[PDB]
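Everything below concerns the one structure shown next.
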Number of protein chains: 12
Amino acid sequence: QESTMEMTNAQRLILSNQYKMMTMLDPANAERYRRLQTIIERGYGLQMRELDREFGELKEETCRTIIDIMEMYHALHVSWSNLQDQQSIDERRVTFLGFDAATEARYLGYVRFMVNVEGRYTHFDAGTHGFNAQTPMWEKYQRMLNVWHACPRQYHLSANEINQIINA
Amino acid sequence: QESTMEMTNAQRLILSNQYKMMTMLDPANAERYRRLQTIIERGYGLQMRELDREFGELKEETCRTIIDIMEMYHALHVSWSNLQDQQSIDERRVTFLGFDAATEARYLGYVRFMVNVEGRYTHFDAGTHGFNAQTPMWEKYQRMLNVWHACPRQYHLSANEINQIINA
Amino acid sequence: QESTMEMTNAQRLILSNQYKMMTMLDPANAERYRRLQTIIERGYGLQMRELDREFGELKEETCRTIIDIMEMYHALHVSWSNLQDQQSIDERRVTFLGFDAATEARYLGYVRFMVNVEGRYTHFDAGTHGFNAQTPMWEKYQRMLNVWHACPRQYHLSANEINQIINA
Amino acid sequence: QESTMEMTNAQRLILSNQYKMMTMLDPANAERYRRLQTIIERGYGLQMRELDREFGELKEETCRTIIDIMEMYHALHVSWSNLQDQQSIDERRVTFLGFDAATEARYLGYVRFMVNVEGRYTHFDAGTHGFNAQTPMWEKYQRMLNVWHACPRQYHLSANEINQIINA
Amino acid sequence: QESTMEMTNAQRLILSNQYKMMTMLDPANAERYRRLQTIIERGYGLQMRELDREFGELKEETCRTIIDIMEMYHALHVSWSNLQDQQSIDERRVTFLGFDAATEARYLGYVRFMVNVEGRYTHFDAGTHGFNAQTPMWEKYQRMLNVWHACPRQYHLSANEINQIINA
Amino acid sequence: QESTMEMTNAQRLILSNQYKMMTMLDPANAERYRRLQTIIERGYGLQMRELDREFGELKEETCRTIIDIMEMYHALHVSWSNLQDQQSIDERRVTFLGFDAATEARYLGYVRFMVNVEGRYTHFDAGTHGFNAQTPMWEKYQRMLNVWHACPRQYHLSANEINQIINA
Amino acid sequence: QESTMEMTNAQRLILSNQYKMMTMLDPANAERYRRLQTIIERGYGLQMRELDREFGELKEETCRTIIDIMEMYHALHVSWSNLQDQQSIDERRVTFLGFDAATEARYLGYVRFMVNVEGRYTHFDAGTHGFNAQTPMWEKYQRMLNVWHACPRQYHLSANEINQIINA
Amino acid sequence: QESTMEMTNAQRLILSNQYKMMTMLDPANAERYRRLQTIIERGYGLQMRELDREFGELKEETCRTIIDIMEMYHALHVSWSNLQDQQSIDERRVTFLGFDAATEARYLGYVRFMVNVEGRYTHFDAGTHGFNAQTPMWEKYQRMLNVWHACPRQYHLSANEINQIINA
Amino acid sequence: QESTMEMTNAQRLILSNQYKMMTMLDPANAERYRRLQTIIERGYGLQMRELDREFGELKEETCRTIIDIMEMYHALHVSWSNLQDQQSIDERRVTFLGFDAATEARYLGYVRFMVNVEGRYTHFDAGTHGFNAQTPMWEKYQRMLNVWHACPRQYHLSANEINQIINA
Amino acid sequence: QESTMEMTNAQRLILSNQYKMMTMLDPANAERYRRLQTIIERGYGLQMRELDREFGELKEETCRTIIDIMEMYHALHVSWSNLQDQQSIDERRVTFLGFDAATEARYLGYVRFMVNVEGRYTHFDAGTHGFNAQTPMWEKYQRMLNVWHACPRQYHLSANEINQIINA
Amino acid sequence: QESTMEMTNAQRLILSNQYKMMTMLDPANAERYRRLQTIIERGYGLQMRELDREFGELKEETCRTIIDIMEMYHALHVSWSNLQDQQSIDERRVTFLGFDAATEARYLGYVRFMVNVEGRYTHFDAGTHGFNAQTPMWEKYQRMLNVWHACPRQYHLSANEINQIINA
Amino acid sequence: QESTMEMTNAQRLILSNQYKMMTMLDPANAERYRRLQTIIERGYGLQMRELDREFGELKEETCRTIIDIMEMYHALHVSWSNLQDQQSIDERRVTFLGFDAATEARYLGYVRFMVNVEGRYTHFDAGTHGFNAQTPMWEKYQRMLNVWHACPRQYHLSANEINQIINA
Ligand SMILES: [Cl-]
Ligand SMILES: [Cl-]
Ligand SMILES: [Cl-]
Ligand SMILES: [Cl-]
Ligand SMILES: [Cl-]
Ligand SMILES: [Cl-]
Ligand SMILES: [Cl-]
Ligand SMILES: [Cl-]
Ligand SMILES: [Cl-]
Ligand SMILES: [Cl-]
Ligand SMILES: [Cl-]
Ligand SMILES: [Cl-]
Ligand SMILES: [Cl-]
Ligand SMILES: [Cl-]
Ligand SMILES: [Cl-]
Ligand SMILES: [Cl-]
Ligand SMILES: [Cl-]
Ligand SMILES: [Cl-]
Ligand SMILES: [Cl-]
Ligand SMILES: [Cl-]
Ligand SMILES: [Cl-]
Ligand SMILES: [Cl-]
Ligand SMILES: [Cl-]
Ligand SMILES: [Cl-]
Ligand SMILES: [Cl-]
Ligand SMILES: [Cl-]
Ligand SMILES: [Cl-]
Ligand SMILES: [Cl-]
Ligand SMILES: [Cl-]
Ligand SMILES: [Cl-]
């Protein structure tokens with residue numbers, strides 16, 4: 001992530017040409033494109049920095065971690081569903097509840113992208129709030145994962161294994 | 001701002017392709033785009049320098065200072081009009097006058113951008129010449145800012161404070 | 001090749017703009033474009049790496065070696081046909097057979113691009129599988145090329161020369 | 001400057017998207033665009049090198065020098081046309097003849113650009129081959145420029161000054 | 001600190017021998033040990049990363065700060081219990097409440113360690129969730145510590161000093 | 001990986017001690033332990049290199065790619081079974097076949113570890129040879145993954161999508 | 001290996017002289033020698049690279065591994081023949097089969113050099129194809145060597161040991 | 001290309017011995033060999049530098065470019081020969097005429113080497129001057145190649161394609 | 001001595017595994033080992049610093065100097081008791097007295113190690129307090145050594161020499 | 001080989017724990033383990049250096065050289081045994097006699113390890129002194145090897161070849 | 001110095017040409033030459049190492065020292081042969097005895113070279129083993145040289161000077 | 001000039017092979033070549049230094065200066081003999097005399113090389129001793145050159161100029 005302010009003159013010309021094309025292709029938004037064209041041509045620094053703030057980052061390992069959490073709960077729920085006596089293990093406890101909108105919006109956004117766009121885990125119960133847990137869940141999932149990955153087998157888990165993971 | 005003359009061949013190819021697409025989208029200007037396409041393909045250095053001259057720079061801090069000066073006049077004017085007592089302060093002195101066209105062109109442009117494009121400060125009395133002061137003002141404004149920001153309350157100024165500011 | 005994850009913010013904006021333009025030009029595929037736009041804007045690292053995987057490399061020297069092998073077989077086949085007569089050399093021996101789909105896919109792909117897109121060597125007998133030899137050939141061809149280029153004349157080969165080449 | 005083979009994956013993706021867009025806009029040439037898209041996507045080094053050869057360079061100073069030579073002939077010819085005794089100074093010797101098509105192609109290309117595209121020196125006599133002098137002129141013009149710029153005044157030249165220049 | 005993936009072959013062999021020994025000593029868990037032995041012997045990068053996540057860090061200064069906060073509450077509460085007019089200073093406000101289980105887990109873990117394992121501050125009231133305050137406290141405690149350490153004497157505090165601290 | 005030959009003297013002592021302990025714990029195998037103890041103590045370089053050869057590596061990204069390929073086949077097989085109906089797509093096409101024992105042994109080994117030890121993908125039809133495809137697959141799977149990840153939704157695939165993937 | 005294109009002028013002269021001497025000694029092949037002399041003297045870069053391709057490398061450790069594999073099979077076969085009796089271990093299992101001509105040509109070539117030129121292992125049953133296994137073996141042999149060198153004694157192996165080795 | 005003057009003493013001894021051998025092998029030229037022996041032994045610097053001038057260089061890409069030009073004309077001539085109406089396209093225009101002896105002797109020498117020694121393109125008409133064009137042809141061929149390689153197919157070219165290439 | 005806090009994750013894992021094995025071997029101390037296991041797994045920095053404080057250092061040269069001082073007293077005592085003449089030298093002065101517990105603790109420890117563990121100097125008269133001098137002695141001993149080693153014969157000293165040594 | 005004195009605190013703790021375990025596992029040697037534990041904990045430098053002297057080094061090439069010497073004598077003896085007239089070649093001369101205990105103990109130790117532990121060359125006559133030659137043999141074997149490896153075939157050697165090797 | 005494995009491709013080609021020439025000149029040994037040609041062409045690392053061992057080094061200073069020792073004995077023996085009372089100084093003690101064949105082979109080799117090839121010190125008595133002293137002499141001779149060169153005159157030595165030298 | 005002692009083992013091998021070939025070609029000198037072969041194979045440093053001393057150096061500029069001095073005398077002599085007037089200039093003074101054998105040996109050698117081998121200046125009056133001046137002349141010649149080259153015409157000198165030159 002290098003800043004737009006550091007872009008080269010060639011990159012400025014490339015962008016400028018795109019804004020001119022976008023006005024041709026989408027005249028309803030010419031006001032926006034002409035404004036951006038001015039910012040880029042004149043090199044208005046405040047507005048260029050404000051452009052940086054439109055680009056985010058979610059590291060590859062963080063993405064992978066969020067997916068692994070969902071896989072863990074698939075593992076937990078399958079294992080649970082296939083128990084005989086479910087030892088008072090409440091189903092709500094082997095259900096992925098997601099992440100916090102205030103504090104973990106990047107994570108929650110990623111969950112929604114994996115389900116709604118990529119179409120993964122479409123059988124998971126989102127609740128009535130689309131995986132907003134409304135309390136932070138990151139550090140807790142990290143404890144669960146540490147226990148889960150320490151099981152000598154991660155799928156077809158015993159009730160005890162399930163309890164150790166949900167309890168972490 | 002790295003010169004267009006230092007662009008990579010991938011960037012030349014990207015620009016070349018844009019000029020072709022621009023021709024497709026806006027055939028009426030085919031001559032203009034074909035000319036630019038030739039300059040970029042042939043790497044005509046003189047014309048590439050001329051392209052560089054189309055791209056300006058207004059540093060982020062300078063944009064912020066222009067905005068601050070306008071905010072300062074908002075404070076001064078709101079303070080002035082709220083003075084129960086008069087002290088016979090002229091309104092022209094508590095009114096933002098703008099920048100010098102001849103030697104402050106980047107600054108006057110930015111004011112006009114902030115007003116007409118971003119929509120900020122639209123209640124300010126523009127010039128007879130749309131914020132073209134005609135005297136150089138940067139140095140002055142700087143003196144006024146230094147005083148304004150030294151007031152422990154920057155808004156709802158007293159007449160003493162108003163006068164300290166405009167006199168700097 | 002530098003990874004998409006290292007791209008600059010100007011490059012993210014160029015790309016984002018492209019996906020916006022592609023939606024305007026081809027709303028049928030807006031789902032595809034919007035998804036990519038999101039990956040680029042939010043900087044989703046896992047999906048960005050996946051994008052990396054769409055981009056191959058076949059070094060120039062490797063390209064040239066594949067063409068050289070085809071040229072070698074041209075030389076071999078003309079030489080073998082022009083033989084006052086041919087000393088029980090089977091024509092299959094002096095016929096370019098191609099590359100292994102499984103372990104030599106990039107090489108096979110280039111063969112097909114050179115014949116099918118560039119139009120070179122169109123008179124070569126393609127396989128019953130369009131130059132899929134179904135066994136690795138790269139190492140064999142290198143041994144053949146070494147003998148071929150050691151022949152003081154490389155076209156109009158003697159049957160001794162032809163045999164030394166094919167038995168390499 | 002950086003060969004196309006050095007382009008980043010971001011630049012490859014940008015180029016690939018342009019070929020997709022150009023196909024949407026200009027389906028008659030879809031073959032050309034798809035071929036390029038393949039080269040860029042697969043990283044076919046030999047074809048990427050060939051792309052490099054489409055891009056030239058003519059240094060800013062060399063551009064200026066070509067223009068200066070034309071201006072010199074303008075100075076010479078105007079000067080000649082106010083001489084009373086034009087001596088036996090032939091007009092052809094104060095006529096810009098151009099550059100060698102075979103060995104000075106980039107220089108001849110730029111003269112043609114300057115006259116035909118930019119519209120400068122349109123009153124110059126182009127002769128019978130559009131400023132192709134058919135013999136190398138660069139070194140000669142350099143000798144002439146050296147004498148011309150050593151004149152304390154460069155316009156309204158004396159006949160002595162003219163002969164000194166053209167004989168250089 | 002160095003991930004397990006960076007360990008030397010000597011360290012791998014040491015770890016492999018430990019798993020062999022642990023199997024000799026604890027054959028009931030041979031499955032767990034043999035699985036780890038495989039991961040280490042084969043260098044399975046993904047499982048080695050997962051091992052990394054079993055190891056945490058809590059910087060020496062952060063440990064000391066947690067202890068200091070507890071000591072501060074000790075100072076406050078002792079001080080409060082020798083006040084004549086305890087003002088309407090509620091005892092709960094000079095009671096250490098702990099840390100947030102969800103967002104300050106490492107901090108809550110350390111309090112619990114210090115009390116339950118090291119046996120310090122055993123007379124502290126742990127409340128109804130074993131020092132889980134259920135809301136982030138770190139920043140608050142930092143403000144309190146700042147006032148407390150600015151007292152010329154930190155023990156046998158005045159009511160004014162107490163209120164200054166707790167209101168921080 | 002750093003070679004056992006580069007180990008420090010502290011590491012040699014740790015290892016030597018281990019072999020001594022293993023003899024105490026498992027005198028049945030004292031011959032093995034004592035031999036290793038001698039190699040380490042005397043620093044016998046040839047045998048130390050041989051020890052190096054016991055330690056493999058399979059990079060984390062490689063691990064993840066193998067799992068991703070299995071997940072791709074899961075997606076393909078569910079999609080193919082959920083088809084309102086299936087357009088003569090043979091199920092063998094959408095069945096994970098594994099890796100080549102001869103040239104892909106590390107990959108095959110990981111597949112087996114993930115199924116047999118971790119318990120993942122236990123419902124996959126293993127071969128008549130437990131995922132030994134008996135022909136190289138790595139390159140094929142990469143081509144499939146590239147198509148799969150370019151599908152805006154990756155689960156619940158259309159038969160067009162399924163075909164594009166399998167024919168890659 | 002440094003390329004012939006980087007050779008010094010003294011090295012070009014040494015080489016040129018050699019080709020001159022070879023012509024004097026063997027005028028029958030003067031055409032070959034003179035051609036090489038020209039390539040070296042004129043420094044024809046393409047043909048010089050072709051010369052590079054005549055020179056292989058097989059690292060010393062690789063040489064030694066091939067010999068070690070043959071020695072392993074010697075140990076296996078003697079052990080298997082000396083068995084008081086043999087537990088249905090097929091002799092083909094304990095017979096060195098060689099390397100794959102297609103993908104393992106350097107290895108196969110060294111096997112043949114060691115037997116046919118150095119005279120080592122002349123009692124080994126060569127193939128029906130002189131140690132061309134016609135399938136890749138390098139990875140298999142490495143797995144076998146790892147087991148063999150972990151045997152405290154490597155000659156006079158038990159049938160358990162023999163089986164562990166061959167099944168690796 | 002490092003100079004003979006920088007050669008090491010070992011290289012001097014090697015050369016000296018070769019000159020002694022060459023006198024034995026070719027006594028008719030002993031005068032030459034004894035002279036060179038003296039130059040090398042005494043390290044006569046002027047004469048050593050004069051040796052440098054016997055070694056040339058023609059870069060690999062330049063070699064490849066010259067061959068590609070010949071291939072282009074093979075492409076042009078085949079395409080031409082297979083037209084129905086050859087649209088007044090003069091055969092002399094799709095015939096490779098070669099290079100200039102004065103200015104491009106290295107290039108012309110390479111053409112002669114490829115045809116006379118390597119035996120390639122033996123069906124090309126050399127003219128009566130063995131591919132001496134007697135005017136510079138390099139920059140022009142570069143234009144032709146740029147057009148040729150921009151054709152979406154390079155062989156079996158239309159008349160228009162042929163005209164665009166020959167016209168460049 | 002690199003701090004425990006800087007240990008690698010492989011070293012954390014090694015230590016963790018030791019504490020588990022220690023529990024297996026010495027279950028009575030399970031609480032102590034489990035505590036250390038937690039410190040190491042969680043990376044509790046304060047407790048890890050405390051671990052560092054358990055490890056000391058006595059430089060090799062300092063150990064050698066302690067031993068030399070004891071050897072010096074052996075020489076002095078053997079010399080003294082061999083004096084035919086008396087010269088009334090007290091035996092206490094020719095008897096090694098040890099080191100100061102309070103400020104020379106590392107030194108007194110090493111004497112006690114050398115005597116009680118290594119078994120050296122077991123005939124020396126230990127203290128009433130086992131070589132605890134109670135006055136600091138290092139500096140003194142250093143003065144005595146300097147004199148002793150300046151005697152051309154270090155053993156079978158004269159009374160003059162003995163006195164020179166003890167008086168320093 | 002880095003010294004024990006440079007070991008890290010983590011390595012000290014690892015060693016300390018091993019000595020505590022070893023006392024549990026081998027109480028008869030607790031005296032030794034407790035002593036080493038003290039040395040490591042207190043960092044007694046003299047004793048730590050004395051630990052270094054327990055670790056040796058025999059480079060991989062030296063190991064390989066010793067084995068090659070034994071192989072050479074296998075080669076010599078087989079060749080000899082298969083001669084018809086053994087030309088007064090004394091069998092003692094084609095028998096490996098080993099190395100010198102005083103001067104070459106590392107080498108002799110390696111021979112004994114290869115035969116007694118690894119079980120190689122078990123048919124060799126050790127003499128009555130287990131391969132102690134009692135005179136240095138290293139430099140001589142180097143001469144033998146140089147000759148042996150210069151034979152164009154190393155096995156099935158003529159009598160002359162045998163004599164040249166034994167004579168070196 | 002640079003091992004053969006490091007040689008450049010130019011050096012490989014030079015060596016290959018020599019083997020070809022040596023075969024032309026000495027066809028009786030074609031087998032030897034062709035074998036070496038193969039090793040060099042294929043870059044067989046193990047055989048290239050073996051070539052390295054054919055080349056030794058004896059530093060210039062070590063050569064000079066050997067000669068100096070001989071000269072010293074010349075000085076001693078001449079000096080002895082002009083003594084009147086030769087004391088009971090035995091002549092054998094002023095006779096150069098040589099060097100140890102087993103441990104000082106390079107030194108013994110050089111004496112033999114100097115006497116037998118260069119013809120120096122031919123009047124020296126070589127004894128019964130051609131200057132093989134059968135015991136290491138290097139260190140002794142160094143002590144002698146030290147005394148000899150400390151004589152203010154080194155020739156026409158006194159008997160005292162002689163005994164001082166030989167007793168060194 | 002890097003010493004022979006620093007040659008690489010490839011260069012030792014090349015030299016060794018030359019001495020073998022030299023023996024084949026010139027068997028009468030076998031003793032001389034075998035001696036050199038031994039020096040090079042054994043790396044006898046003293047004899048290798050002696051080889052270095054066989055190779056000289058005469059810098060290019062020094063060769064050029066010698067030639068210039070001879071050219072200067074050509075100019076002087078041609079000028080002298082063309083003097084219509086005499087001015088009684090002696091011919092000896094306008095005649096090149098050569099260089100000093102004792103202290104200018106490299107210079108006299110080069111003159112003799114230029115005359116007798118290159119054939120330059122063959123009309124010059126050689127000495128009674130073939131250009132051996134017997135007085136050192138370099139410094140003188142330098143003075144004469146400085147004057148000669150300061151004459152604006154270097155040939156067809158006047159008597160004034162001739163005298164200025166010879167007198168320097
Ligand atoms: Cl589920
Ligand atoms: Cl674009
Ligand atoms: Cl306002
Ligand atoms: Cl207002
Ligand atoms: Cl005020
Ligand atoms: Cl044909
Ligand atoms: Cl870019
Ligand atoms: Cl230029
Ligand atoms: Cl004009
Ligand atoms: Cl005019
Ligand atoms: Cl360690
Ligand atoms: Cl922390
Ligand atoms: Cl308390
Ligand atoms: Cl209290
Ligand atoms: Cl399914
Ligand atoms: Cl057998
Ligand atoms: Cl043709
Ligand atoms: Cl351990
Ligand atoms: Cl004593
Ligand atoms: Cl005593
Ligand atoms: Cl004394
Ligand atoms: Cl044997
Ligand atoms: Cl060389
Ligand atoms: Cl030496
Ligand atoms: Cl003598
Ligand atoms: Cl004598
Ligand atoms: Cl040679
Ligand atoms: Cl003359
Ligand atoms: Cl003359
Ligand atoms: Cl004059």
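Note on naming: chains are A, B, ... as they come in the structure tokens, residues start from 1 per chain, ligands start from 1 in the order shown.
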message = List the spatial neighbours of residue J:11 as a ChimeraX atom specification - criterion: any atom at most 8 Å away, only C-alpha atoms, same-chain residues fewer than 6 positions off excluded.
response = /F:10-11 /I:11
Now that the selection is made, can you save its residues with N, CA, C and O atoms as a PDB file, in the first residue's frame?
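Below is the file that was written, part_32.pdb:
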```pdb
ATOM      1  N   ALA F  10      25.980 -26.941  22.484  1.00  0.00           N
ATOM      2  CA  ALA F  10      24.888 -27.104  23.407  1.00  0.00           C
ATOM      3  C   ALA F  10      23.859 -28.062  22.796  1.00  0.00           C
ATOM      4  O   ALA F  10      23.336 -28.927  23.497  1.00  0.00           O
ATOM      5  N   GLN F  11      23.540 -27.888  21.512  1.00  0.00           N
ATOM      6  CA  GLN F  11      22.621 -28.790  20.790  1.00  0.00           C
ATOM      7  C   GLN F  11      23.172 -30.219  20.686  1.00  0.00           C
ATOM      8  O   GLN F  11      22.425 -31.212  20.880  1.00  0.00           O
TER       9      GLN F  11
ATOM     10  N   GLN I  11      12.187 -23.747  20.778  1.00  0.00           N
ATOM     11  CA  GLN I  11      12.703 -23.873  22.133  1.00  0.00           C
ATOM     12  C   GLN I  11      11.576 -23.828  23.221  1.00  0.00           C
ATOM     13  O   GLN I  11      11.623 -24.571  24.227  1.00  0.00           O
TER      14      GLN I  11
END
```
request  = Might you pull out every residue within 10 Å of residue G:149, with only C-alpha atoms counted and same-chain residues fewer than 2 positions away left off, and present them as JSON, numbers by chain?
outcome  = {"F": [47, 50, 51, 53, 54], "G": [72, 144, 145, 146, 147, 151, 152, 153, 154, 165], "J": [118]}
task = Within 12 Å of residue L:102, counting only C-alpha atoms, which residues show up once you throw out same-chain ones fewer than 5 positions away? Write them as a count of residues only, please.
result = 9
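Here the DSSP assignment of strand (DSSP E or B), based on backbone atoms, applies within stretch 2-153 of chain J to residues 44, 58, 99 and 132 of chain J.
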ask   = Could you name the residues that touch residue H:120 at 10 Å or less, counting only C-alpha atoms, but leaving out those on the same chain fewer than 6 positions away, as a ChimeraX atom specification?
value = /C:75,153-156 /H:67,70,111-114
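Between atom CA of residue E:159 and atom CA of residue E:89 the interatomic distance comes to 8.4 Å.
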Residues contacting ligand 17 - anything with an atom at most 12 Å away, using only C-alpha atoms and all ligand atoms - can you give me those as a short mmCIF file (atom, residue, chain, number, x, y, z; two decimals) with N, CA and C atoms, in the first residue's frame?
```
data_model
loop_
_atom_site.label_atom_id
_atom_site.label_comp_id
_atom_site.auth_asym_id
_atom_site.auth_seq_id
_atom_site.Cartn_x
_atom_site.Cartn_y
_atom_site.Cartn_z
N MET H 70 14.92 -12.79 -41.88
CA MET H 70 14.89 -13.80 -42.92
C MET H 70 13.60 -14.63 -42.83
N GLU H 71 13.19 -15.02 -41.61
CA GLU H 71 11.95 -15.76 -41.44
C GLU H 71 10.73 -14.93 -41.89
N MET H 72 10.76 -13.63 -41.66
CA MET H 72 9.69 -12.75 -42.04
C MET H 72 9.52 -12.76 -43.56
N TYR H 73 10.63 -12.68 -44.25
CA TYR H 73 10.61 -12.71 -45.71
C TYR H 73 10.22 -14.08 -46.27
N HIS H 74 10.54 -15.15 -45.57
CA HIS H 74 9.96 -16.47 -45.87
C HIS H 74 8.45 -16.42 -45.71
N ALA H 75 8.00 -15.82 -44.61
CA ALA H 75 6.57 -15.65 -44.35
C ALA H 75 5.91 -14.82 -45.44
N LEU H 76 6.53 -13.69 -45.79
CA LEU H 76 5.99 -12.80 -46.83
C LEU H 76 5.95 -13.49 -48.18
N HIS H 77 7.04 -14.16 -48.55
CA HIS H 77 7.10 -14.76 -49.86
C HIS H 77 6.12 -15.94 -50.01
N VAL H 78 6.03 -16.79 -48.99
CA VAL H 78 5.06 -17.89 -49.04
C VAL H 78 3.62 -17.33 -49.19
N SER H 79 3.26 -16.41 -48.31
CA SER H 79 1.98 -15.72 -48.37
C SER H 79 1.72 -15.12 -49.76
N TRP H 80 2.74 -14.47 -50.33
CA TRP H 80 2.63 -13.83 -51.63
C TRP H 80 2.41 -14.87 -52.71
N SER H 81 3.32 -15.83 -52.77
CA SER H 81 3.23 -16.90 -53.75
C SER H 81 1.83 -17.54 -53.75
N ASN H 82 1.19 -17.62 -52.58
CA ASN H 82 -0.14 -18.21 -52.47
C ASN H 82 -1.33 -17.24 -52.62
N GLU H 91 7.28 -8.88 -56.76
CA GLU H 91 8.01 -9.96 -56.07
C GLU H 91 9.34 -9.51 -55.46
N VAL H 94 8.84 -8.68 -51.69
CA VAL H 94 8.79 -9.80 -50.76
C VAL H 94 10.02 -10.72 -50.94
N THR H 95 11.16 -10.14 -51.33
CA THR H 95 12.41 -10.86 -51.44
C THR H 95 13.43 -10.19 -50.53
N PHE H 96 14.07 -10.98 -49.67
CA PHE H 96 15.09 -10.48 -48.77
C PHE H 96 16.33 -10.06 -49.53
N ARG H 120 20.93 -22.53 -43.80
CA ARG H 120 19.54 -22.13 -43.64
C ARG H 120 19.14 -21.17 -44.73
N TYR H 121 17.87 -21.21 -45.13
CA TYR H 121 17.36 -20.33 -46.14
C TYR H 121 18.12 -20.47 -47.47
N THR H 122 18.50 -21.69 -47.85
CA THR H 122 19.32 -21.90 -49.06
C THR H 122 18.51 -21.68 -50.33
N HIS H 123 17.19 -21.62 -50.20
CA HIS H 123 16.32 -21.35 -51.33
C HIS H 123 16.12 -19.86 -51.60
N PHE H 124 16.55 -18.98 -50.68
CA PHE H 124 16.52 -17.53 -50.91
C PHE H 124 17.43 -17.08 -52.10
N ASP H 125 16.94 -16.12 -52.91
CA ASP H 125 17.71 -15.48 -54.00
C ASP H 125 18.67 -14.49 -53.40
N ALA H 126 19.97 -14.76 -53.53
CA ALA H 126 21.02 -13.90 -52.94
C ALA H 126 21.34 -12.67 -53.77
N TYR H 155 1.71 -15.97 -40.61
CA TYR H 155 1.92 -16.74 -41.81
C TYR H 155 0.57 -16.81 -42.52
#
```
Sorted by chain and rising residue number, which residues of chain A lie within 9 Å of chain B, and what are their closest atom pairs and distances in Å to one decimal, counting only C-alpha atoms, as a Markdown table?
```
| residue | atom | partner | partner_atom | distance |
| --- | --- | --- | --- | --- |
| A:5 | CA | B:1 | CA | 8.8 |
| A:6 | CA | B:1 | CA | 7.1 |
| A:7 | CA | B:1 | CA | 7.1 |
| A:8 | CA | B:2 | CA | 4.9 |
| A:9 | CA | B:4 | CA | 5.3 |
| A:10 | CA | B:4 | CA | 5.0 |
| A:11 | CA | B:11 | CA | 7.9 |
| A:12 | CA | B:55 | CA | 7.7 |
| A:13 | CA | B:15 | CA | 7.9 |
| A:14 | CA | B:15 | CA | 6.3 |
| A:17 | CA | B:18 | CA | 7.1 |
| A:18 | CA | B:18 | CA | 8.0 |
| A:20 | CA | B:22 | CA | 8.6 |
| A:21 | CA | B:22 | CA | 6.7 |
| A:24 | CA | B:25 | CA | 7.2 |
| A:25 | CA | B:25 | CA | 8.2 |
| A:31 | CA | B:117 | CA | 8.8 |
| A:35 | CA | B:117 | CA | 7.2 |
| A:40 | CA | B:55 | CA | 7.8 |
| A:41 | CA | B:55 | CA | 4.9 |
| A:42 | CA | B:56 | CA | 4.4 |
| A:43 | CA | B:57 | CA | 4.2 |
| A:44 | CA | B:58 | CA | 4.9 |
| A:45 | CA | B:60 | CA | 4.1 |
| A:46 | CA | B:60 | CA | 4.4 |
| A:47 | CA | B:60 | CA | 8.0 |
| A:48 | CA | B:60 | CA | 8.3 |
| A:49 | CA | B:60 | CA | 7.8 |
```
